[PDB]
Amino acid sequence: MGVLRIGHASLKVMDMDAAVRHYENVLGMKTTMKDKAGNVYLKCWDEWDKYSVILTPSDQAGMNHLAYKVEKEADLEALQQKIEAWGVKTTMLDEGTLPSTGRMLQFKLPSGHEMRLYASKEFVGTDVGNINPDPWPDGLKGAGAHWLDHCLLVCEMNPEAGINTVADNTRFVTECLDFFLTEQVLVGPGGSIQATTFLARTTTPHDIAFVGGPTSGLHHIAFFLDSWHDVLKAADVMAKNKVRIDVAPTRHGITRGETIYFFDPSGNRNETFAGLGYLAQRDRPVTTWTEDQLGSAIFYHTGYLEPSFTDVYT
C-alpha cells in the first residue's frame, strides 16, 4: 500500500509557447491535453499515465504543487488519517479537479509546499506498448527522457532561528508517507544539522529530496535517462536548441547519478538524471555526506559547489 512514485509536477511558466517547445524538443515529452484554462499537460514516452508535467500560465516561474501516485484509492483515507494525526490538515479534491485525474488528497508539507496524492489517472500506455514491445520507440525527440524521476524542493532553513523544514519534511514523509531516507548532507557543528535529504519509495536512490534555503521553492524536477552516453546526447540536444545549461555533464556524489542541470524558458531548473546509481533498500545504511565534502556530494567530479546550485531557484 501507499505511495508508488512521483506522479506529476505543476510548474508556472511565463511563455506557454516557448515552455511547451522546450519540454517537447529538449526533453522529448508529448503534449497530451490542454484544459479550458490554458494549462498544458505533458508525459514522457516511458510513462503510461496521461501526464507527468503541468504547465500553467503565470506572471512568474515556480511550482504550483507536487503530486505522488498511491497504489489504491483506499490508501488516501489511510494516509489522510496518518497525516492529520501528525498535525497537518488535509482536504480531498474529488474526481475531475484536474482533467483525467481522480480524487486527490491535498495538504502542505512543513516547508510550505503543496503536495497531492492521487490513486487514479487516465491510462494511455507507454510509447512502446506492452505486447512484444521495443526497448525504445522510433521517432524519439531530443533527449528522449524515460519518465519524471524525482523533484528537489528548496526548504526554508534558519538554524539560528530554530527553523529547519528539511528536517521537518524528512520526518513528515517518513513517519506519515513511509518514505525511507537514503542519503543526507550533514552540516553545522559535527554534522548535527540536516541540510539536504534524499528519500525514496521505489528502490531508486530518491523519489523526493529536500535542500535548505532562505525561502521555500523549487530547485528542479528531474527526468530519467539510461546511461552516461544518453547524457552526452542530451547535452548535444541542449546545444542545438541553445538551452541555457546550469551545470555541464558530471556525476553527483549523492545517488552516484550522472546529471545535467539546465533551465526552461521561464527559469525553472530541469535535470536529466542517468543511471540507477544503486538499489535503495530499507536495510541499507543511510549514506552520510559531511560539510567538508559538501561540494563533492553535489558535483562529485570537481568537488566544487556551484554558486548557482545554492543561489538560483524558482
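One-based numbering along the sequence shown.
Quick one: higher average CA temperature factor, 85 to 93 or 195 to 203?
Between 85 to 93 and 195 to 203, it is 85 to 93 that shows the higher mean C-alpha B-factor.
Do the CA atoms of 278 to 286 or those of 53 to 61 have the higher mean B-factor in the entry?
Mean CA B-factor is higher for 53 to 61.
Out of 161, 176, 153, 117, whose C-alpha atom has the biggest B factor in the entry?
Result of the comparison over 161, 176, 153, 117: 161.
Sorting 189, 102, 135, 144 by Cα temperature factor from the record, which one lands on top?
By C-alpha B-factor in the record, 189 ranks first.
Sorting the chain's modelled residues by C-alpha B-factor, tell me whether residue 29 ends up in the lowest, middle or highest third.
Its C-alpha B-factor belongs to the middle third of this chain's values.
If you rank every modelled residue in this chain by C-alpha B factor, which third holds residue 39: lowest, middle or highest?
Ranked within chain, residue 39 CA B lands in the highest tercile.
Going by the entry, which third of its chain does the Cα temperature factor of residue 258 land in?
CA B-factor rank for residue 258: highest third.
Looking at the C-alpha B-factor of residue 19, is it in the lowest, middle or highest third of its chain?
Residue 19: CA B-factor falls in the middle third of its chain.
If you rank every modelled residue in this chain by C-alpha B factor, which third holds residue 229: lowest, middle or highest?
Lowest third.
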